[PDB]
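Shown below, as structure tokens, is a lone chain in the form deposited in one PDB entry; questions about how it binds or moves come after it.
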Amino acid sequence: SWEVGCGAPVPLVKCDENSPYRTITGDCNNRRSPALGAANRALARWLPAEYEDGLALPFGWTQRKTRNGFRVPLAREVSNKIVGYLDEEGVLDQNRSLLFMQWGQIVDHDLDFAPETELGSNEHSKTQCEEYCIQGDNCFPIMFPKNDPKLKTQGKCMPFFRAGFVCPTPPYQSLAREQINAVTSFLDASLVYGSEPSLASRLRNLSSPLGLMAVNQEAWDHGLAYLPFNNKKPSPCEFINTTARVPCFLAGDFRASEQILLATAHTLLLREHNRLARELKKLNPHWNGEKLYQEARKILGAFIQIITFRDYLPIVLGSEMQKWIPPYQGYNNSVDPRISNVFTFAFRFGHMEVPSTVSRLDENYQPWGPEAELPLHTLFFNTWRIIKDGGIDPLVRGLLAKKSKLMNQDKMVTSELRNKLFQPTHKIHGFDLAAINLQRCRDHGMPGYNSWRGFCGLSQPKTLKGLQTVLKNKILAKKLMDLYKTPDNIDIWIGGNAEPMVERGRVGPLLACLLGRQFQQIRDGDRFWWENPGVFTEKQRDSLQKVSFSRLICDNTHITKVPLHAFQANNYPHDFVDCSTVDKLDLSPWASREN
């Protein structure tokens, strides 16, 4: 009965089966089904979508329509009563660097992107939603509850537009709405190179046969490269400071400039590609542009995969790492490599790891200048602070020496994100990411908390006392029950993040299962996984095994002192060393001798 499937909007595929390299769109990875994992196709559904009308209306759209007999609470009311807090003191993670939060953002970006629908061009459809808060079509405004401080200073709501969906942009009516993943599902550095041919070419430097990525020609970081500017107007980065008038950066991913430390991470990755390309050129003078670029791109992809699976996932999943991601056993073409719609919400556990401020530190790892520490919100879409205020080095020192925020049942998300988020085209630092996450969860037709608990083989609390035991928190379960009248209605983003973290990890049991299962598939179902026999030669793998985020910093910045385990909390100068005692990536095995 279940159909072969739709996909009118989706592009046609032709595959070079000889190709030793990935496509930019992800197509051709799986040979039997070439479109699996490819960008711009529907996110996978691990469970049937749950919409108010079974097809496309989110729960909460029709006021009179209940979910399981109860009205769903406003996303902003759950944010105000459960997610927010005042005191930032004592909220830091004693054993994770700020780099741990940032890498999580980088990895998410590489894997999934579900952009708001496109209809606002030559239209006030976007202007109206914002200006008048009238719910309709793609406009699904986040209404402020009665006692909300924002009602007094910001109006009746926060604009919010429904995510883009496959086939008709216009709503379909026989089968459940499926949201689109605009990027490639493989952990493949698509955030650096782009997931569309159109964008991938624009990022390259084709003026020279060196396989380099294009760089900024208007500014340099003490001779080091910056990413090219996106000269698209309007620009949110110019808008945050019309006097500095510095635009956003142009990277393989559309969100690169959202916050200063993400732009910073993208810069290091870009520098790495060119550094690898230059190096390869030396060793194999005979290799042309396409060759160099594809080879450096392939090494960068492996670097990202290694740092992620070897350093990052174990300290996220703790004790559950083995359970869900057993040691590698090779490529399995039977595995669905597609990112699931629920994983795009599970991975948002990172939102509770973002601290309230960002620091710039000098070569002594001491405050750099008079305004060295800055509130996070002044840093959304902020490029000028990097270009006109010291480059990226002082920021990278902060990523190593400062701490991530620790998830806390009583202090979930910092007000820098919960009350002062800046959204492009909107003019103010007054949005709420936590509310947007909850409204989105509904937009995507997410099944509720207990459906996912069942999916992960975990208990399904039906009462306040039952929920109290699962969350090991009486007061939190009581607020959740007061808001959602049954655990069955609790949105997965908030339910999953409310659970106490597993041993040696940073997420609860439910998230560990959703995340673990996804990463296992991402690895096992990738024909181009770095450790799959034949992708790299065995000597190349011996060389890749040494990659480290410390080495990445050393080779692409002017920082000469770094920790050996960049993700753990590290203090200067004790946990820091000279870049000379740190393993280098040895590109000797890439010397291809032919004659």
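In this text, the rigid core denotes the largest set of C-alpha atoms whose superposition between the two forms falls within 1.5 Å. Shifts are known only where both forms have a C-alpha. Note that residue numbering follows the sequence shown and begins at 1.
Averaged over CA atoms, B-factors in the entry run higher in 144-152 than in the other of 144-152 and 99-107.
Relative to its counterpart among 298-306 and 119-127, 119-127 has the higher mean temperature factor, C-alpha atoms as listed in the PDB entry. The residue among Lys479, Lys405, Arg453, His286 whose C-alpha carries the highest B-factor in the deposited model is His286. Across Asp253, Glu218, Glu353, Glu178, the entry's maximum B-factor at the CA atom is seen for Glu218. Looking at the C-alpha B-factors along this chain, the one for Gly505 belongs to the middle third. Among the modelled residues of the chain, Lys233 sits in the highest third by CA temperature factor in this PDB entry. Ranked within its chain, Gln521 lands in the lowest third, by CA B factor from the PDB record. In the PDB entry, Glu279 places in the middle third of its chain by CA B-factor. Sort the chain's modelled residues by C-alpha temperature factor and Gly54 lands in the middle third, per the entry.
Below: the form deposited in another entry, not depicted.
Considering only residues present in both forms and aligning them on the rigid core, one finds runs of three or more residues with C-alpha shifts of 2 angstroms or more between this form and the one not shown at 3-5, 9-13, 171-174.
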